[PDB]
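Notes to accompany the following structure.
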Amino acid sequence: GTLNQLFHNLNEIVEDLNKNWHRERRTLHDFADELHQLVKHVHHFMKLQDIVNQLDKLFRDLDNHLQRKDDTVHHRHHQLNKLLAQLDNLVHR
Amino acid sequence: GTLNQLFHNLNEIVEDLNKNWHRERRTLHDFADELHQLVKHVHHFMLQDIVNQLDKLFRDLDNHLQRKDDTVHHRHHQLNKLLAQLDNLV
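Shown next as structure tokens:
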């Protein structure tokens, strides 16, 4: 009865979390791509080497960050869904 | 009963969320710091269509990070309420 309240509340939180992740992931992936583009671009222009090198380092840091983000969100996402399904079962029983 | 397993599991999940945010936040702020220093370096170096794009990216990320701080603040305050309530029920 109150268990129903928490389920509702958690379900909403987990949906919100998912939606934010979709938004973040797009924002950061476009971000990276534009970085990529600008690294390609600077490499087409050519002293200016410190700049391109540093952008390349930054592209790869981010790129590395997003891969690990994908894996981490994938795991938490299944752990929260698993848990919501358990709540679902326990409330209605 | 089994609402114990559910509480404990959610506790752990919420702590991991929290841990991974601080790791996240750090990684991206440092990343933004460099980007800024870089923009600021090139600005003084400067064709110049690139500093425009560079300064665009910086605020793109800076915006994202301020937004995130707020979003994370809200979510975690919600999950704290919920856990408190859940452990109250056990």
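As they're listed, the protein sequences go chains B and A.
Read in order, the letters of the first sequence correspond to residues 3 to 48, 56 to 102 in the deposited numbering.
Read in order, the letters of the second sequence correspond to residues 3 to 48, 57 to 100 in the deposited numbering.
Heads up, the beta-carbon is just placed ideally off N, CA and C, and yes, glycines get one too.
- Collapsing the DSSP output to three states places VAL41(B) in a helix.
- Against chain B, the CB of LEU75(A) has no partner CB under 8 Å away; the residue lies outside that interface.
- With respect to chain B, the C-beta atom of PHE9(A) has no partner C-beta closer than 8 Å.
- Within chain A, the residues whose beta carbon sits less than 9 Å from that of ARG85(B) are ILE15, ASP18, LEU19, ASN22, listed in sequence order.
- For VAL61(B), the enclosing alpha helix (DSSP H) stretches over residues 58–101.
- Distance between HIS24(A) and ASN62(A), taken at the CA atoms: about 30 Å.
- Note on geometry: alpha-carbon atoms of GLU17(B) and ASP65(A) lie some 33 Å from one another.
- At a cut-off of 8 Å between C-beta atoms, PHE68(B) does not count as an interface residue with respect to chain A.
- Your pair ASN20(B) and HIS84(B) does not check out as a contact, with CB atoms roughly 14 Å apart and the cut at 8 Å.
- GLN63(A) reaches chain B at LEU40, counting residues in chain order whose Cβ is nearer than 7 Å.
- Neighbours of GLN88(A) across chain B, judged by C-beta separation under 8 Å: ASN11, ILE15.
- Between the region 23–40 of chain A and the region 65–75 of chain B, the count of Cβ pairs shorter than 8 Å is three or higher; the stretches touch.
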